[PDB]
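Reviewing the structure listed below.
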Number of protein chains: 2
Amino acid sequence: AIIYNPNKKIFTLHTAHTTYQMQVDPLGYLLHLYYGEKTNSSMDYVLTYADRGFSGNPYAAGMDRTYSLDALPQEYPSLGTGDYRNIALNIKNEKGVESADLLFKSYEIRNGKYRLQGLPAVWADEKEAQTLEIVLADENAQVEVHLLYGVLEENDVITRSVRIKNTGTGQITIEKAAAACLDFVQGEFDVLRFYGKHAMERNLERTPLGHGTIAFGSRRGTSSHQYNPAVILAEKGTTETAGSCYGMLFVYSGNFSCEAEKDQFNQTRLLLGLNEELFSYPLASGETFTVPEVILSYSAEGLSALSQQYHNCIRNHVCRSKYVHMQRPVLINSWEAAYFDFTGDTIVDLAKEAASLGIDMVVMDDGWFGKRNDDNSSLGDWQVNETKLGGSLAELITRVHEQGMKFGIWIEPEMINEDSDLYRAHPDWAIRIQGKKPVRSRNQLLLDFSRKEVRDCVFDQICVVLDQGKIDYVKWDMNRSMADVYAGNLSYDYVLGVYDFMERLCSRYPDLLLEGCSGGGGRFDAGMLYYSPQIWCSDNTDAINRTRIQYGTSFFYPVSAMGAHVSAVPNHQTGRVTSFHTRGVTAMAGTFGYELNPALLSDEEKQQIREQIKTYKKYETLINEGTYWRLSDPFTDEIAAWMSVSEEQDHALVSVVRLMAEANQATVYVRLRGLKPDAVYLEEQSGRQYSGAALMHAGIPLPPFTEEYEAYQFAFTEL
Amino acid sequence: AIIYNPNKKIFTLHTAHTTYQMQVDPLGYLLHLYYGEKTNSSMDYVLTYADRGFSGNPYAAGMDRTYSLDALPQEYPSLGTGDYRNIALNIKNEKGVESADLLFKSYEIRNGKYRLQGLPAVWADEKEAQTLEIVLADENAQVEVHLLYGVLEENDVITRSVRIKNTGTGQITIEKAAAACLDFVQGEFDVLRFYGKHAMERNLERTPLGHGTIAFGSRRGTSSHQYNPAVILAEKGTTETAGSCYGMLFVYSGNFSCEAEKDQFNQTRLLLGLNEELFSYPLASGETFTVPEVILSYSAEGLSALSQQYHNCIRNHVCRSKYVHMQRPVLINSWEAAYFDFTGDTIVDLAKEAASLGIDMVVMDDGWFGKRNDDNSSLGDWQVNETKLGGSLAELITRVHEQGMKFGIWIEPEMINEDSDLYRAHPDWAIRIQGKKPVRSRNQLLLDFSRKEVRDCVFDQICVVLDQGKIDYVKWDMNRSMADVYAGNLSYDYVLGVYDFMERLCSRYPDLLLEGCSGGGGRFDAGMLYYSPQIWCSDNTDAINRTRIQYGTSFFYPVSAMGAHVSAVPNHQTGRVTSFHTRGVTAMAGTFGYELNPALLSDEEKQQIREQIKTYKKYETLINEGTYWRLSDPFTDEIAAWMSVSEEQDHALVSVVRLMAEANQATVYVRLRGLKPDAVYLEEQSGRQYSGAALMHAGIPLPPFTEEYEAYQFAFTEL
Ligand SMILES: [Mg+2]
Ligand SMILES: [Mg+2]
Ligand SMILES: [Mg+2]
Ligand SMILES: [Mg+2]
């Protein structure tokens, strides 16, 4: 629900269980009053006013020294109000002046959910959602700012976006543009963020917010491996199952900045949006710029509920793929299995092997195009290497189909190698600075996807390939960060170009399952999930590391979105050995699939694959649609444990991987969550019956281990 | 409810919201299965068995090395089972052997609540409570142990006691006897205990339970200032408003020991009961010994609910005084007002002064008997000093009644000074060791209250005094710890004697309001609250320190039980100055009352007294009967804040004392608890209206302070 009280100039946004409230003050400033548990009260009483030294006053406040935007909580604070905190907006006007001082002009409440020009965004129908659009302006800056709030009641989600219009005659530049700001007049908080590196993404870091700023972001041209564009502000003491917490999630696959600051008056400001670095975005007279969307959510009852709200929002209101509500083929991917050393014949052998085990699809990964026999050439040359494939791609697809198998293929359309026909023809199509030798990464360069001519060339090549046969799946990879950034519009316009290509591809091939990828989870974001129902979660396929990566990824993203494959051991990234069973349990927390040559496996491991596939298919709907619960913290605990629970709470699958081993082992219990306390549940394998209360308070004792890194799955059915 | 399953030999105790379960195993041992959230399951599945090195086996386990009482969870573990953890019971038999190895014999379930011979205990009617009595025995020790469990469903309380019988022919000694043991097979816990000193009792100490034992107790002959006989075992992460926590509270005013231990297998054992030090209790053939009661409780939703369960249990099922459900006279006490320097005339002047302010009662404190003109003589000589009083006590009482005032008096019956007629006549009546000069404390000695002849002499003297007129109130003090303990039965039998005297006194004078005291809160325990509806909380009457003392005291004990008086400044114990208003707000969290000479006050402070009394009387029922909530932690926070809420949640009184002051003050909010989220509440003084949700999530901003240690009271009424 969205309500306006014209007398108090208060806007209230209600979800099923939350309330967000803002007010236009007598000077025209849009103040933030409240976000938290549902209330019908007017929360303007929380505002207080004192003469605070060096916190100065708008001219319009006259002699009232107690009114300062350096103290008051705001919806969209800006550089140019006298506020000295981190700010959401900085405009450099047509005379070089950095100032924006925004006053209320008008509003509209609309049924349904706004869409964003050229960008992914949350979507919903006119019954499920409402939109508030508030117009603010600064007549000296000659800017008009449209704040967009999307309210999805059942999901307990409030989205925010911004459109900025130049209303003057000369060009302005947008120098900083956040999508969302939360100002808290009180509270002690921790900041949860998800940091990592290539092949070890999204480790949880949780620290108290001390005085000053905790900040993180990306200027890599991508959302990044290093810091995901996501933040949780948890009230001190909040746990998985109790206490207030707030999320912001950026629906965006490019650069970003997140800032959380505890100020001089013990107030907290949380910002998320575009990075101000390499962002000086020109806006001509009368033109509008759109800031990508942030999904906000609040939980009064801990982190697990907050995550569940995000999972549901992403599955049902971000992902547009038909595969959200369909079985997804269990695939085998050629990359760890063969790297570049394959032929058409060895792809068909992989299909034969995989077919005999119950695998549904073979994915021919990197190495099939140009003269790509290593990673030093051929990106941009998306012509099938028929020498290597021993014939045409059409013939290969048919040979695979004849083994009863679907076919998928890898592409990397944003990239070019110096050693390519494309680069020899068009060296100026690479992102570079004139006169400067560019950074190389994986011995390749980015194509300038801000340029239509560049995108069109590559799009046409990819269409020729995809039109050769029935290709049910594409893995779209992206294997380096952007450098040599030549202008202040490039980072943003590059990503517009990526999304344009992706939209064109998905529209042309609406039955295609598109798996996003960027050296693993280098663009693991809701922007990509708008197009792809799954993203390769990490290049690290070590089961033990995957417990951490998948744990961290679950704070915002649904299990269904996490690409996860059983791979060979010793693991190619770590050298560690894990049992085949443990690899299977860990990879079932995601898409499932395989990425190895099954011909090298023992007959016992081949039979495990057969049984694994049967297990995953049996539980696929539960894993993908069920309510997810983290049952342990793999950074600190003896086990990595999680579970999925059906909507009716009549079925649950519990997964456990042991992380630590000593002699004379203590008994370890796994405590379940999300069941009906008074219901009786049958554990399938053992045939024992337990109340939900018992399972949640005492849990179940794990069988004693006899080897390292042992794993377990337990299924429960309500009687 | 109490249930027996004969086939599984499982006993289940259900309260409204909790379940406690135990089992007799195939060898006859009484194992503890579960205590926590309500469940109908059989929790015996939580038991596990492994061959654990050096954890040995009863002979009766035969060749099964996996069965050990050094590992298994037990209701009442003992020295002599092969268990090496802290234990609940140690018996030294008629041959000198320390061993007790207890096996199940029989049980009974009874409606109603058991009583204890010569001891205070929880009481209830046959509809409100049930009792389980389990009989265990050791035929070699020749001991029979009766475990008593009392179940009070509505209160979510389970009580435990023990009766130990010598079934052999020779004398045994009881060397350790706990009342309660909780064994946890899993969980990470913190231990909350309440430590202090004279004039600074019951500071909260909360630490994680590391491997090893956290222990505390008293061998002072008293429950003590230093460590209260109370413990909370909180699951890691438990807060005031969420998470599992367990209480044990000893209904006993003598020696005790509490031990919490995290063992070699990451299990936790919590014990509370009698101290094993100075405890070697002889039991002749056929005789029974009773261990004092422990009140257990569990909360799944944080510490505040746990405390509320205790408050209700104590008010409605421990305290027997009629004053639990009646207005209590607002009193003025002569001690800080005059110390020993008073006459009958100055007591009547105090009555006159107090009457003009709306005070109901004058309490003549220490100094009225023998030649007690200081604390160096006369304890034991309970004859009125008619020289000092300028006449008889009967005449003094009448003179006070003529001023419209009730009368109260102080006694200290357990004590004797060497300089007394009683000591000159009966020096052997003091507790002492033959041939040894005794410890002196406050230049006095304990009388041996284990001796009937001693008690009878003093009881008769006190009766003569109380029979002189209408004395509505007695403050029974006790101003030193027990030393020179001459035998192993003395600590226990002394306290039996105290309770016998107290029972006789209360039975003879059933309309008397008896306030317990022991240099303040030196016996602030549920044993005393059985007889007294209030206990002088501390000799420290400094308002700022009282915020901490009262906070700590509230973890187990109701506000109504806390004696609290407005006293003069600079404070007599600290030298600190506080405003009269702040003293008033702090002392209203308790009995209220005054302890100063009002003749020395300004007319403005006299008028404050008039208004304070009107305020306390207006809110007396709410403060005493309402649900109590700690709203801040005075050890860490900017404020000491608390509130009381009516049962219907239609009325609340919020109290705040500021603790910290700096320039350019930040706005401090007090967040309320325990209201109805959707209800609308009117704040009385301001006339502003708020939803419960608003008040609990955002709270209310405190008015800015202009002086140090400022206090506030806010009243809310549901519209
Ligand atoms: Mg910039
Ligand atoms: Mg920055
Ligand atoms: Mg002993
Ligand atoms: Mg001890």
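Residues are referred to by chain and number: the chain letter is A, B, ... according to the order shown in the structure tokens, the number counts from 1 in that chain, and ligands are numbered separately from 1 in the order shown.
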Exercise for the section: Hey, list the chain B side of the contact with chain A: 8 Å cut-off, only C-alpha atoms, answer as a VMD selection string. Expected result: chain B and resid 34 36 to 41 43 46 48 52 to 53 186 237 239 242 to 243 265 to 266 664 to 669 677 to 678 690 to 691 693 to 694 697 to 698 700 to 701
Please, which residues have at least one atom within 7 Å of an atom of ligand 2, using only C-alpha atoms and all ligand atoms, listed as a PDB file with N, CA and C atoms, in the first residue's frame?
ATOM      1  N   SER A 257      29.133   1.500  -5.636  1.00  0.00           N
ATOM      2  CA  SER A 257      29.711   1.879  -4.348  1.00  0.00           C
ATOM      3  C   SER A 257      28.682   1.654  -3.242  1.00  0.00           C
ATOM      4  N   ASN A 275      29.117   3.712  -8.691  1.00  0.00           N
ATOM      5  CA  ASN A 275      30.395   4.239  -8.204  1.00  0.00           C
ATOM      6  C   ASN A 275      30.549   5.665  -8.706  1.00  0.00           C
ATOM      7  N   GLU A 276      31.099   6.530  -7.873  1.00  0.00           N
ATOM      8  CA  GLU A 276      31.410   7.885  -8.336  1.00  0.00           C
ATOM      9  C   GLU A 276      32.731   7.892  -9.140  1.00  0.00           C
ATOM     10  N   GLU A 277      33.564   6.871  -8.971  1.00  0.00           N
ATOM     11  CA  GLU A 277      34.821   6.744  -9.716  1.00  0.00           C
ATOM     12  C   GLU A 277      34.533   6.351 -11.161  1.00  0.00           C
TER      13      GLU A 277
END
Can you check which parts of chain B lie within 12 Å of ligand 3? Per residue, the shortest pair of atoms and distance in Å to one decimal, counting only C-alpha atoms and all ligand atoms, sorted by chain and number, as CSV.
residue,atom,partner,partner_atom_place_in_ligand_line,distance
B:88,CA,ligand 3,1 (Mg),11.6
B:89,CA,ligand 3,1 (Mg),10.0
B:90,CA,ligand 3,1 (Mg),7.9
B:91,CA,ligand 3,1 (Mg),9.0
B:92,CA,ligand 3,1 (Mg),9.3
B:98,CA,ligand 3,1 (Mg),10.7
B:173,CA,ligand 3,1 (Mg),8.4
B:174,CA,ligand 3,1 (Mg),6.9
B:175,CA,ligand 3,1 (Mg),3.5
B:176,CA,ligand 3,1 (Mg),5.2
B:177,CA,ligand 3,1 (Mg),8.6
B:178,CA,ligand 3,1 (Mg),11.3
B:219,CA,ligand 3,1 (Mg),11.4
B:255,CA,ligand 3,1 (Mg),11.7
B:256,CA,ligand 3,1 (Mg),11.5
B:257,CA,ligand 3,1 (Mg),11.3
B:274,CA,ligand 3,1 (Mg),9.3
B:275,CA,ligand 3,1 (Mg),7.4
B:276,CA,ligand 3,1 (Mg),3.9
B:277,CA,ligand 3,1 (Mg),5.1
B:278,CA,ligand 3,1 (Mg),5.9
B:279,CA,ligand 3,1 (Mg),4.2
B:280,CA,ligand 3,1 (Mg),4.6
B:281,CA,ligand 3,1 (Mg),7.7
B:282,CA,ligand 3,1 (Mg),10.7
B:487,CA,ligand 3,1 (Mg),11.1
B:488,CA,ligand 3,1 (Mg),7.7
B:489,CA,ligand 3,1 (Mg),9.9
B:491,CA,ligand 3,1 (Mg),11.2
B:492,CA,ligand 3,1 (Mg),11.6
Practice task
Using DSSP on the backbone coordinates, identify all residues within segment 17-133 of chain A classified as helix (DSSP H, G or I); present the result as a PyMOL selection string.
Solution key: chain A and resi 43-46+59-61
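Within 9 Å of residue 152 of chain B there are residues 1, 14, 15, 16, 113, 124, 128, 129, 130, 157, 158, 159 and 313 of chain B, counting only C-alpha atoms and ignoring same-chain residues fewer than 5 positions away.
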Handout entry: Selection near residue 194 of chain B, 9 Å with only C-alpha atoms, sequence-local residues under 2 positions removed, as an MDAnalysis selection string
Key = chainID B and resid 192 196 201:206 226:231 552:553
Save the residues we just selected, N, CA, C and O atoms, as an mmCIF file, in the first residue's frame?
data_model
loop_
_atom_site.group_PDB
_atom_site.id
_atom_site.type_symbol
_atom_site.label_atom_id
_atom_site.label_comp_id
_atom_site.auth_asym_id
_atom_site.auth_seq_id
_atom_site.Cartn_x
_atom_site.Cartn_y
_atom_site.Cartn_z
ATOM 1 N N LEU B 192 25.443 -16.313 33.462
ATOM 2 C CA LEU B 192 25.116 -15.062 34.099
ATOM 3 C C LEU B 192 25.022 -15.311 35.589
ATOM 4 O O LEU B 192 24.293 -16.214 36.054
ATOM 5 N N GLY B 196 28.767 -9.234 44.044
ATOM 6 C CA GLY B 196 28.990 -7.904 44.584
ATOM 7 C C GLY B 196 29.662 -7.934 45.923
ATOM 8 O O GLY B 196 30.457 -8.850 46.237
ATOM 9 N N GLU B 201 25.497 -4.844 45.671
ATOM 10 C CA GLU B 201 25.118 -6.202 45.432
ATOM 11 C C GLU B 201 24.669 -6.435 43.990
ATOM 12 O O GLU B 201 24.163 -5.527 43.305
ATOM 13 N N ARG B 202 24.827 -7.677 43.546
ATOM 14 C CA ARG B 202 24.114 -8.198 42.398
ATOM 15 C C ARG B 202 24.436 -7.470 41.094
ATOM 16 O O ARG B 202 23.566 -7.305 40.212
ATOM 17 N N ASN B 203 25.693 -7.081 40.935
ATOM 18 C CA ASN B 203 26.185 -6.716 39.627
ATOM 19 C C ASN B 203 26.096 -7.902 38.681
ATOM 20 O O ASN B 203 26.433 -9.043 39.028
ATOM 21 N N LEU B 204 25.651 -7.657 37.453
ATOM 22 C CA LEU B 204 25.623 -8.707 36.444
ATOM 23 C C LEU B 204 27.014 -9.005 35.881
ATOM 24 O O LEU B 204 27.704 -8.089 35.428
ATOM 25 N N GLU B 205 27.437 -10.283 35.948
ATOM 26 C CA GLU B 205 28.600 -10.775 35.230
ATOM 27 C C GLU B 205 28.115 -11.822 34.250
ATOM 28 O O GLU B 205 27.575 -12.857 34.672
ATOM 29 N N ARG B 206 28.364 -11.593 32.959
ATOM 30 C CA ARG B 206 28.031 -12.532 31.903
ATOM 31 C C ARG B 206 29.262 -12.866 31.115
ATOM 32 O O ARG B 206 29.892 -11.954 30.560
ATOM 33 N N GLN B 226 27.874 -11.333 48.206
ATOM 34 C CA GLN B 226 28.955 -11.552 47.261
ATOM 35 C C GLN B 226 28.535 -12.296 46.029
ATOM 36 O O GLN B 226 29.016 -11.970 44.927
ATOM 37 N N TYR B 227 27.704 -13.311 46.217
ATOM 38 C CA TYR B 227 27.162 -14.056 45.085
ATOM 39 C C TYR B 227 25.765 -14.484 45.408
ATOM 40 O O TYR B 227 25.548 -15.145 46.445
ATOM 41 N N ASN B 228 24.796 -14.061 44.597
ATOM 42 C CA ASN B 228 23.426 -14.469 44.876
ATOM 43 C C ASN B 228 23.245 -15.929 44.442
ATOM 44 O O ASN B 228 23.876 -16.353 43.459
ATOM 45 N N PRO B 229 22.353 -16.677 45.126
ATOM 46 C CA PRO B 229 22.154 -18.114 44.798
ATOM 47 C C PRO B 229 21.191 -18.260 43.601
ATOM 48 O O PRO B 229 20.071 -18.767 43.721
ATOM 49 N N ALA B 230 21.680 -17.832 42.444
ATOM 50 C CA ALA B 230 20.892 -17.710 41.231
ATOM 51 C C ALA B 230 21.853 -17.824 40.061
ATOM 52 O O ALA B 230 22.988 -17.325 40.122
ATOM 53 N N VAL B 231 21.409 -18.431 38.970
ATOM 54 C CA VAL B 231 22.220 -18.525 37.790
ATOM 55 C C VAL B 231 21.344 -18.573 36.552
ATOM 56 O O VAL B 231 20.260 -19.181 36.576
ATOM 57 N N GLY B 552 20.239 -5.619 38.438
ATOM 58 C CA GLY B 552 20.702 -6.967 38.677
ATOM 59 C C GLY B 552 19.695 -7.803 39.441
ATOM 60 O O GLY B 552 19.435 -8.973 39.115
ATOM 61 N N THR B 553 19.099 -7.175 40.463
ATOM 62 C CA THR B 553 18.095 -7.823 41.340
ATOM 63 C C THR B 553 16.875 -8.250 40.535
ATOM 64 O O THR B 553 16.262 -9.275 40.861
#
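Taking only segment 206-260 of chain A, the residues that DSSP calls strand (DSSP E) from the backbone come to residues 206, 207, 208, 212, 213, 214, 215, 216, 217, 218, 230, 231, 232, 233, 234, 235, 245, 246, 247, 248, 249, 250, 256, 257, 258, 259 and 260 of chain A.
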Handout entry: Selection: 12 Å around residue 711 of chain A, only C-alpha atoms, excl. self and same-chain fewer than 5 positions, as JSON, numbers by chain
Key = {"A": [543, 544, 547, 578, 579, 580, 581, 582, 583, 584, 585, 586, 587, 588, 639, 640, 641, 642, 654, 655, 656, 657, 658, 659, 660, 702, 703, 704, 705, 706]}
Practice task
Can you pull out every residue within 6 Å of residue 559 of chain A, counting only C-alpha atoms, but drop anything in the same chain fewer than 2 positions away, and send it as number ranges by chain?
Solution key: A: 561-562, 590
